[PDB]
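J.: For reference, this is protein_15.pdb, and it has PDB, C-alpha atoms.
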ATOM      1  CA  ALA A   1     -66.630 -11.822  60.619
ATOM      2  CA  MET A   2     -66.510  -8.186  61.953
ATOM      3  CA  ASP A   3     -69.484  -8.737  64.196
ATOM      4  CA  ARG A   4     -67.682  -7.994  67.457
ATOM      5  CA  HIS A   5     -67.212  -4.489  66.147
ATOM      6  CA  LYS A   6     -70.892  -3.625  65.490
ATOM      7  CA  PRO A   7     -71.860  -0.610  67.573
ATOM      8  CA  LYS A   8     -74.728  -1.243  69.970
ATOM      9  CA  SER A   9     -76.505   1.622  68.252
ATOM     10  CA  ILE A  10     -76.620  -0.076  64.846
ATOM     11  CA  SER A  11     -79.266  -2.740  64.483
ATOM     12  CA  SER A  12     -78.118  -6.276  63.825
ATOM     13  CA  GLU A  13     -80.203  -6.412  60.633
ATOM     14  CA  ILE A  14     -78.705  -3.197  59.214
ATOM     15  CA  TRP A  15     -75.228  -4.459  60.033
ATOM     16  CA  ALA A  16     -75.974  -7.740  58.370
ATOM     17  CA  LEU A  17     -77.515  -6.044  55.297
ATOM     18  CA  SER A  18     -74.340  -3.968  54.916
ATOM     19  CA  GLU A  19     -72.462  -7.153  53.851
ATOM     20  CA  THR A  20     -74.161  -6.645  50.408
ATOM     21  CA  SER A  21     -72.179  -3.458  49.942
ATOM     22  CA  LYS A  22     -68.688  -3.210  48.357
ATOM     23  CA  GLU A  23     -68.470   0.492  49.249
ATOM     24  CA  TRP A  24     -67.155   0.247  52.801
ATOM     25  CA  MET A  25     -64.991  -2.700  51.659
ATOM     26  CA  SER A  26     -63.183  -0.443  49.236
ATOM     27  CA  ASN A  27     -62.127   1.956  51.967
ATOM     28  CA  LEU A  28     -58.679   1.923  53.522
ATOM     29  CA  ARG A  29     -60.487   2.113  56.888
ATOM     30  CA  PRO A  30     -63.154  -0.533  56.335
ATOM     31  CA  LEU A  31     -64.645  -0.827  59.843
ATOM     32  CA  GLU A  32     -64.967   2.929  60.176
ATOM     33  CA  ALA A  33     -66.436   3.169  56.699
ATOM     34  CA  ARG A  34     -68.887   0.332  57.365
ATOM     35  CA  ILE A  35     -70.132   2.078  60.484
ATOM     36  CA  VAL A  36     -70.581   5.348  58.646
ATOM     37  CA  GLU A  37     -72.401   3.536  55.803
ATOM     38  CA  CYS A  38     -74.710   1.916  58.305
ATOM     39  CA  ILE A  39     -75.307   5.332  59.899
ATOM     40  CA  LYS A  40     -76.197   6.657  56.432
ATOM     41  CA  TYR A  41     -78.637   3.788  55.868
ATOM     42  CA  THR A  42     -80.192   4.219  59.272
ATOM     43  CA  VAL A  43     -80.665   7.938  58.530
ATOM     44  CA  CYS A  44     -82.504   6.992  55.303
ATOM     45  CA  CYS A  45     -84.749   4.668  57.384
ATOM     46  CA  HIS A  46     -85.514   7.469  59.883
ATOM     47  CA  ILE A  47     -86.358   9.886  57.080
ATOM     48  CA  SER A  48     -88.775   7.370  55.556
ATOM     49  CA  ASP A  49     -90.158   5.479  58.647
ATOM     50  CA  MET A  50     -94.025   5.459  58.580
ATOM     51  CA  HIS A  51     -94.103   8.774  56.636
ATOM     52  CA  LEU A  52     -97.003   8.597  54.143
ATOM     53  CA  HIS A  53     -98.086  10.506  51.075
ATOM     54  CA  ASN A  54    -101.449   9.666  49.456
ATOM     55  CA  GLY A  55    -101.860   6.809  51.952
ATOM     56  CA  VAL A  56     -98.706   4.929  51.116
ATOM     57  CA  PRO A  57     -94.975   5.382  51.966
ATOM     58  CA  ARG A  58     -93.722   8.813  50.909
ATOM     59  CA  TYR A  59     -90.285   7.480  50.126
ATOM     60  CA  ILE A  60     -88.655   4.751  48.109
ATOM     61  CA  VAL A  61     -85.279   3.853  49.566
ATOM     62  CA  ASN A  62     -82.788   3.047  46.816
ATOM     63  CA  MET A  63     -79.723   2.669  49.073
ATOM     64  CA  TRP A  64     -78.523  -0.935  49.173
ATOM     65  CA  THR A  65     -80.686  -1.895  46.215
ATOM     66  CA  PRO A  66     -79.261  -2.726  42.780
ATOM     67  CA  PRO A  67     -78.879   0.299  40.526
ATOM     68  CA  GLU A  68     -80.971  -1.446  37.899
ATOM     69  CA  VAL A  69     -83.766  -1.838  40.447
ATOM     70  CA  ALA A  70     -83.517   1.814  41.452
ATOM     71  CA  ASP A  71     -83.709   2.647  37.725
ATOM     72  CA  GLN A  72     -86.901   0.578  37.456
ATOM     73  CA  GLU A  73     -88.296   2.585  40.441
ATOM     74  CA  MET A  74     -87.210   5.972  38.911
ATOM     75  CA  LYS A  75     -88.712   5.126  35.486
ATOM     76  CA  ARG A  76     -91.974   3.877  37.109
ATOM     77  CA  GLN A  77     -92.285   7.158  39.141
ATOM     78  CA  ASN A  78     -91.049   9.366  36.311
ATOM     79  CA  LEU A  79     -88.383  10.767  38.640
ATOM     80  CA  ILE A  80     -85.281  10.763  36.465
ATOM     81  CA  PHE A  81     -81.778  12.025  37.389
ATOM     82  CA  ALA A  82     -78.429  12.350  35.627
ATOM     83  CA  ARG A  83     -75.816  11.688  38.269
ATOM     84  CA  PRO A  84     -73.555   8.573  38.152
ATOM     85  CA  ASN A  85     -74.961   7.557  41.560
ATOM     86  CA  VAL A  86     -78.726   7.109  42.052
ATOM     87  CA  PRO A  87     -80.506   9.111  44.785
ATOM     88  CA  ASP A  88     -80.610   7.375  48.169
ATOM     89  CA  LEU A  89     -84.323   8.018  48.391
ATOM     90  CA  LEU A  90     -87.140   9.087  46.071
ATOM     91  CA  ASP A  91     -89.492  11.586  47.758
ATOM     92  CA  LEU A  92     -92.842  10.926  46.064
ATOM     93  CA  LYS A  93     -94.544  13.950  47.770
ATOM     94  CA  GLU A  94     -92.046  16.583  46.739
ATOM     95  CA  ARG A  95     -91.000  14.762  43.507
ATOM     96  CA  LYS A  96     -87.318  14.966  44.481
ATOM     97  CA  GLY A  97     -84.342  12.660  44.628
ATOM     98  CA  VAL A  98     -82.727  12.727  48.054
ATOM     99  CA  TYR A  99     -79.011  12.133  48.638
ATOM    100  CA  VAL A 100     -77.769  11.609  52.234
ATOM    101  CA  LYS A 101     -74.312  12.589  53.344
ATOM    102  CA  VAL A 102     -72.883  11.953  56.813
ATOM    103  CA  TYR A 103     -70.030  14.197  57.957
ATOM    104  CA  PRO A 104     -67.750  12.803  60.748
ATOM    105  CA  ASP A 105     -67.847  16.325  61.986
ATOM    106  CA  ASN A 106     -67.459  18.613  64.790
ATOM    107  CA  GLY A 107     -69.491  21.280  62.913
ATOM    108  CA  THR A 108     -72.506  22.052  60.727
ATOM    109  CA  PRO A 109     -72.336  20.955  57.057
ATOM    110  CA  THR A 110     -72.364  23.560  54.331
ATOM    111  CA  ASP A 111     -74.947  23.529  51.520
ATOM    112  CA  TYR A 112     -73.771  23.633  47.931
ATOM    113  CA  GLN A 113     -75.832  23.834  44.702
ATOM    114  CA  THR A 114     -77.991  20.914  43.584
ATOM    115  CA  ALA A 115     -80.385  20.476  40.637
ATOM    116  CA  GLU A 116     -83.991  21.575  40.962
ATOM    117  CA  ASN A 117     -85.273  18.022  41.415
ATOM    118  CA  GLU A 118     -82.623  17.105  44.039
ATOM    119  CA  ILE A 119     -82.286  17.486  47.783
ATOM    120  CA  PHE A 120     -78.999  16.811  49.626
ATOM    121  CA  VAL A 121     -79.549  15.881  53.305
ATOM    122  CA  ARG A 122     -76.304  16.784  55.050
ATOM    123  CA  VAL A 123     -75.853  15.767  58.676
ATOM    124  CA  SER A 124     -72.911  15.496  61.079
ATOM    125  CA  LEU A 125     -72.081  12.639  63.364
ATOM    126  CA  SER A 126     -72.731  15.005  66.316
ATOM    127  CA  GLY A 127     -76.265  15.539  65.156
ATOM    128  CA  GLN A 128     -75.983  18.805  63.248
ATOM    129  CA  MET A 129     -78.073  19.496  60.150
ATOM    130  CA  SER A 130     -77.272  21.888  57.248
ATOM    131  CA  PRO A 131     -79.712  24.807  56.824
ATOM    132  CA  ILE A 132     -81.325  23.224  53.725
ATOM    133  CA  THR A 133     -81.562  19.899  55.522
ATOM    134  CA  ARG A 134     -83.363  21.484  58.508
ATOM    135  CA  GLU A 135     -85.837  23.158  56.222
ATOM    136  CA  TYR A 136     -86.485  20.105  54.079
ATOM    137  CA  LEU A 137     -87.000  17.651  56.963
ATOM    138  CA  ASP A 138     -90.133  18.009  59.121
ATOM    139  CA  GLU A 139     -89.949  18.253  62.907
ATOM    140  CA  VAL A 140     -90.529  14.502  63.438
ATOM    141  CA  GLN A 141     -87.893  13.609  60.862
ATOM    142  CA  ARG A 142     -85.410  15.985  62.406
ATOM    143  CA  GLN A 143     -86.061  14.490  65.817
ATOM    144  CA  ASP A 144     -85.748  10.911  64.685
ATOM    145  CA  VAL A 145     -82.611  11.477  62.618
ATOM    146  CA  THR A 146     -80.867  13.624  65.263
ATOM    147  CA  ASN A 147     -81.774  11.379  68.157
ATOM    148  CA  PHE A 148     -80.185   8.433  66.325
ATOM    149  CA  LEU A 149     -77.033  10.397  65.397
ATOM    150  CA  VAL A 150     -76.586  11.608  68.972
ATOM    151  CA  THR A 151     -77.039   8.092  70.292
ATOM    152  CA  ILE A 152     -74.308   6.622  68.093
ATOM    153  CA  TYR A 153     -72.079   9.697  68.592
ATOM    154  CA  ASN A 154     -72.321   9.315  72.374
ATOM    155  CA  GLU A 155     -71.594   5.559  72.101
ATOM    156  CA  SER A 156     -68.581   6.255  69.891
ATOM    157  CA  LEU A 157     -67.075   8.681  72.481
ATOM    158  CA  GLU A 158     -66.826   5.733  74.953
ATOM    159  CA  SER A 159     -63.980   4.219  72.916
ATOM    160  CA  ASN A 160     -61.544   5.296  70.154
ATOM    161  CA  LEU A 161     -64.343   4.823  67.640
ATOM    162  CA  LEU A 162     -65.276   8.524  67.200
ATOM    163  CA  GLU A 163     -61.644   9.511  66.757
ATOM    164  CA  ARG A 164     -61.160   6.611  64.306
ATOM    165  CA  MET A 165     -64.212   7.647  62.253
ATOM    166  CA  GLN A 166     -62.856  11.204  62.130
ATOM    167  CA  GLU A 167     -59.789   9.608  60.541
ATOM    168  CA  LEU A 168     -61.850   8.591  57.445
TER     169      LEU A 168
END
Could you take the file, read its structure, and then write that structure out as structure tokens?
T.:
Amino acid sequence: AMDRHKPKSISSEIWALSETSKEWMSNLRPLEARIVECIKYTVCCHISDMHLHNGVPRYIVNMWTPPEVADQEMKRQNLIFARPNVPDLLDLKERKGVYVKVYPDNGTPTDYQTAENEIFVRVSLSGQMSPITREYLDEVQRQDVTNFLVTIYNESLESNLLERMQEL
């Protein structure tokens, strides 16, 4: 139904997959929230894309999977966490749970305390990365994530979309 509103920079399949999520639907600004949620997903895909550890994908992406499935994954890997929300990714190399946060943001996100087995990737819409994020992500990951963010940021400046997302 909202298809006319999909940014060019979001893939059709990610946009379609986002219909399985009630999160953006619960927001008072649902289109803006849906775009941000798709940005978050896309960032998870760039972090994980073709990155291997011991010959197989380094990461398990839990975002947009059922929490009971993510729990199966966490139990099978013995990577267990105690937040209400499950990590967005499991990093099987570092043995960490990864949470991704997107800041509609002129500015660089600030790092705040996490548990020892957690990493919080914190990125702005304008392509900025928190200090802990920049250190955690490798050069290829930083490039892939930032090039995507800058692409959608620059698309959003061509309409009222960036301003609207800043109104989240």
J.: Mind pulling up the distance from CA of residue 133 in chain A to CA of residue 146 in chain A?
T.: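 Rounded to one decimal, the two atoms are 11.6 Å apart.
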J.: Taking all atoms listed in the file into account, which of A:17, A:121, A:115, A:129 comes nearest residue 101 in chain A?
T.: A:121
J.: Rounded to one decimal, what separation in Å do you get between CA of residue 137 in chain A and CA of residue 35 in chain A?
T.: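 Atom-to-atom, CA of residue 137 in chain A to CA of residue 35 in chain A, that is 23.2 Å.
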J.: Given the file shown, determine the residues that the PyMOL selection byres ((chain A and resi 128) around 12) selects; report them as a ChimeraX atom specification.
T.: /A:101-110,121-127,129-134,142-143,145-150,153
J.: Please measure the separation of CA of residue 92 in chain A and CA of residue 113 in chain A, giving the value in Å to one decimal.
T.: 21.4 Å
J.: Need to verify the contact set: residue 50 in chain A, 12 Å, all atoms listed in the file, exclusion of same-chain residues closer than 3 positions in sequence. Can you return it as a ChimeraX atom specification?
T.: /A:45-47,53,55-60,140-141,144
J.: Taking into account only C-alpha atoms, which residue in the set A:138, A:99, A:36, A:64 is nearest to residue 21 in chain A?
T.: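 Ranking A:138, A:99, A:36, A:64 by distance to residue 21 in chain A, first place goes to A:64.
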J.: Calculated over only C-alpha atoms, which of the candidates A:168, A:98, A:2, A:69 has the smallest distance to residue 44 in chain A?
T.: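 Ranking A:168, A:98, A:2, A:69 by distance to residue 44 in chain A, first place goes to A:98.
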J.: Determine the nearest neighbour of residue 160 in chain A from the options A:70, A:5, A:119, A:42, counting all atoms listed in the file.
T.: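 Checking each candidate against residue 160 in chain A, we get A:5 as the closest.
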J.: Expanded to explicit residues, what is the PyMOL selection byres ((chain A and resi 167) around 9) for this file, as a list in words?
T.: residues 29, 32, 104, 162, 163, 164, 165, 166 and 168 of chain A
J.: Kindly save the residues from that selection, with C-alpha atoms included, as a PDB file, in the coordinates of the input.
T.:
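And here's again20.pdb as it stands now:
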ATOM      1  CA  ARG A  29     -60.487   2.113  56.888  1.00  0.00           C
ATOM      2  CA  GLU A  32     -64.967   2.929  60.176  1.00  0.00           C
ATOM      3  CA  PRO A 104     -67.750  12.803  60.748  1.00  0.00           C
ATOM      4  CA  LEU A 162     -65.276   8.524  67.200  1.00  0.00           C
ATOM      5  CA  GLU A 163     -61.644   9.511  66.757  1.00  0.00           C
ATOM      6  CA  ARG A 164     -61.160   6.611  64.306  1.00  0.00           C
ATOM      7  CA  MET A 165     -64.212   7.647  62.253  1.00  0.00           C
ATOM      8  CA  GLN A 166     -62.856  11.204  62.130  1.00  0.00           C
ATOM      9  CA  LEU A 168     -61.850   8.591  57.445  1.00  0.00           C
TER      10      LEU A 168
END
J.: Looking at only C-alpha atoms, which of A:9, A:88, A:74, A:161 is the one that sits closest to residue 33 in chain A?
T.: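 Using only C-alpha atoms, the shortest distance to residue 33 in chain A belongs to A:161.
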J.: Using all atoms of range 118-137 of chain A listed in the file and a margin of 8 Å per side, can you give the axis-aligned box centre and edge lengths in Å to one decimal, as AutoDock Vina command-line options?
T.:
--center_x -79.5 --center_y 18.7 --center_z 55.2 --size_x 30.9 --size_y 28.2 --size_z 38.3
J.: Run the PyMOL selection byres ((chain A and resi 116) around 12) against the file shown and list the residues it catches, as a ChimeraX atom specification.
T.: /A:79-81,94-98,113-115,117-120
J.: Store the residues picked out above in a file with C-alpha atoms, as an mmCIF file, keeping the file's coordinate frame.
T.:
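Contents of the output file selection-v9.cif:
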data_model
loop_
_atom_site.group_PDB
_atom_site.id
_atom_site.type_symbol
_atom_site.label_atom_id
_atom_site.label_comp_id
_atom_site.auth_asym_id
_atom_site.auth_seq_id
_atom_site.Cartn_x
_atom_site.Cartn_y
_atom_site.Cartn_z
ATOM 1 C CA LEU A 79 -88.383 10.767 38.640
ATOM 2 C CA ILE A 80 -85.281 10.763 36.465
ATOM 3 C CA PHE A 81 -81.778 12.025 37.389
ATOM 4 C CA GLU A 94 -92.046 16.583 46.739
ATOM 5 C CA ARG A 95 -91.000 14.762 43.507
ATOM 6 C CA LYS A 96 -87.318 14.966 44.481
ATOM 7 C CA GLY A 97 -84.342 12.660 44.628
ATOM 8 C CA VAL A 98 -82.727 12.727 48.054
ATOM 9 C CA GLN A 113 -75.832 23.834 44.702
ATOM 10 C CA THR A 114 -77.991 20.914 43.584
ATOM 11 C CA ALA A 115 -80.385 20.476 40.637
ATOM 12 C CA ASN A 117 -85.273 18.022 41.415
ATOM 13 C CA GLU A 118 -82.623 17.105 44.039
ATOM 14 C CA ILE A 119 -82.286 17.486 47.783
ATOM 15 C CA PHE A 120 -78.999 16.811 49.626
#
